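Heads up: the structure comes next, in structure tokens.
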Ligand SMILES: Nc1ncnc2c1ncn2[C@@H]1O[C@H](COP(=O)(O)OP(=O)(O)O)[C@@H](O)[C@H]1O
Ligand code: BEF
Ligand SMILES: [Mg+2]
């Protein structure tokens, strides 16, 4: 630990991950949540690009602070270190991705069918391993943990079709 | 052993050693 | 490069130190003592502190567990925290080091249980020291002087055993010449050398598996911890169980393992050289002072020596006086006058002589137990070992019992040759080797107590005592008090004995059931509730607890240095002359040793009364004891 020292920094990525997830789920200013609807459109293979409006994040922060709840400065953290927050947003989106309501109809892009095949295959592997370990008869949370540790899935990096981009703050609002 | 420990955790392990006890003919 | 986790642990330990102000107070005491000794001269007490691991575990379980199981990463932060606290505290214008005490749980081990799965952990090994390398100083920084430029240069040095963490191995070559190329001369006395000693701890024979070869582990002690113990001691060496070397993995069988020393605790065990000191609280000193005022203090103490044994009150008084001892006198010309009293018990079997010896072994601060012939003349005194690594000297029983007691049992079975070598130790209190080209005079200031049955099994009244004892006249002379006891068949006395024995055997320890077997306690005391005991096998005096008696003896021996008075001198002289010039077929020969033992017994009684001077009553009591020993008179 002496070769690679450590530094404490004001940023806490776990709290910011929670803030990102909450912002994605519960932003309504622009009926339903804006980004949830965008993710639904992505799932139906309509939109290939998710545009994270930083003005939305700023308004979310202002709403949270105005009501008194403490919300960390997500916009400033994004501006200071943008590269990491790309992957943070990408993983938060990948967790909250809904399921398609319109299946493959022989006219879908080959990328989409390959992604669907990979997703179904890794789900099948996970379920099969769960069934085997359950049948071994040695809570389902521990079973899920052991099967996800013991299986080699297609990583989530290879099952996402959308692209992630950030829109800078409008000068007039800021 | 890993499987059993994780399963029974509900209310890392080193490489286990095998001990072989036999009753066969002794040279 | 600064590390954040290091600073966090430092802050946590500073908070711990501020929480328990005892350590801060102790640091202040260390610093004020050093400053005072500096001011007195216009013993410097070492830069160390003791940390109660129990207190730390209460304060922060994470930090306690970290020190216990990950010491290389947790100890240096705590040491740095202590150093910073000392620097901040030392408002008045060499880092401090830690020492640990408390319960180590599963890490309290012995050199047999010290397996590799305890490596790199703080362990508390206990055993017997068997080898101590002579203290060889280690060079940590060398200061050099350059003649041409006229300036002093230094280089720091380090090795694996110095640092708990594995600093990057850098070759340490000696700076022969300066960067500009000028010649460099070493400047001793400016260079910093630190001490270094390797000691080997072996499993204690008291708990080693009988009949099997022992197991040993090396301990590297540095700085203040060196020369803390000697071979034959019992130690509790707590330290990090480091593992060193390449393990043979580097292309040149296992890894070399040793314990880096943090603390050394010499442990007192029966018949070992380590003395058993005790802490005297102000409450205890006050109790001792108050109890010393009573006129019957001698009787009260004497009754408490052996409550189990019925009677033998004069023997118990003599034993108590032995425990107090006398004052040894050293004169300008070099003559040394014995200040220790020796007691010999001769009597019928089952007279509780061995019981009294065992109690003396069990209650004295420093006592050594020997049998008749198991400890030969080589075993007693000392003799050259002729060790090949050359002609070392090994201290026998009596040398190891300096300022202590030797409890010899079955004195009659001793070889004549064995008892030849005991005369000098008895009288001159020295052991002269004068052997194999080694001329040495070891100091053996020991008090000898021995028990020995008469040659005819039971003491013979028809025969004279000279026939029964069969000991050389010189040996009997050297013994101050020669008690001749008997097993006399008397109805009243014997039935009282039976009453006492049956009372003793009907005892149930407070934390025990009826049929619950009594569990043996090793009781390895460490060399560093009421006064009276309610339980009494003999019923109505006030009997004191044995630990309180030990505290009383420890106080009296150190504090009080009695001196004779003319009033006591007249009584002693009269008694001595009466004994010498009156014939009453005394058990022992009467010589000037009788005068000397009268003086010593008076001094011992004076010490019991905590008197700065010897008074008339002490002389009378000593004369009464001597007359009881020789004539048998009792008033
Ligand atoms: N006066 C006594 N009071 C109490 N117990 C005694 C007395 N005399 C002998 N005993 C008991 O008798 C046993 C023999 O004592 P011991 O010291 O072994 O005798 P010896 O004098 O032969 O060495 C012990 O168990 C001891 O407790
Ligand atoms: F029978 Be005893 F140990 F003098
Ligand atoms: Mg005996």
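Don't overthink the numbers, they just go from 1 along the chain as shown.
Header says: electron microscopy, 3.8 Å.
In case you wondered, yes, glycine gets a Cβ from its N, Cα and C as well.
Annotated ATP binding site per Swiss-Prot: C:347, C:348, C:349, C:350, C:351, C:352, C:353, C:354, in sequence order, evidence recorded as sequence analysis. DSSP assigns residue C:354 (ATP binding site) to a helical segment in the three-state reduction.
Outside the motif 'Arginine finger' (C:477-480) by six or more residues, the chain places 341-344, 423, 426-427, 448, 450, 588-589, 591, 593, 597, 600-601 with a CB less than 8 A from a CB of the stretch. The motif 'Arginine finger' annotation in Swiss-Prot covers C:477-480.
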Are there any residues at least 6 positions away along the chain from residue C:347 (ATP binding site) with a Cβ closer than 8 Å to its Cβ? List them or say none. C:353, C:451, C:453, C:454, C:459, C:483, C:484, C:485, C:486, C:487
Cβ neighbour count (within 10 Å, all chains shown) around residue C:350 (ATP binding site): 9
I need the neighbours of the ATP site defined by C:347, C:348, C:349, C:350, C:351, C:352, C:353, C:354. Which other residues of that chain put their C-beta within 8 angstroms of the C-beta centroid, in sequence order? C:345, C:451, C:453, C:485, C:487
Can you tell me whether DSSP puts residue C:347 (ATP binding site) in helix, strand or coil? strand
Using a Cβ cut-off of under 6 Å to any atom of ligand 2, determine which of the binding-site residues C:347, C:349, C:352, C:354 qualify. C:349, C:354
Tally of helix, strand and coil residues over the motif 'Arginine finger' (C:477-480) according to DSSP? 2 helix, 0 strand, 2 coil
Please identify which of C:351, C:354 has the densest Cβ environment, defined as other Cβ atoms within 10 Å, among these binding-site residues. C:351
Ranked by the number of other Cβ atoms within 10 Å of their own Cβ, which of the binding-site residues C:352, C:353 ranks first? C:353
Near residue C:349 (ATP binding site), which residues of its own chain have a C-beta under 8 A away, given they sit six or more steps off in sequence? C:453, C:457, C:458, C:487
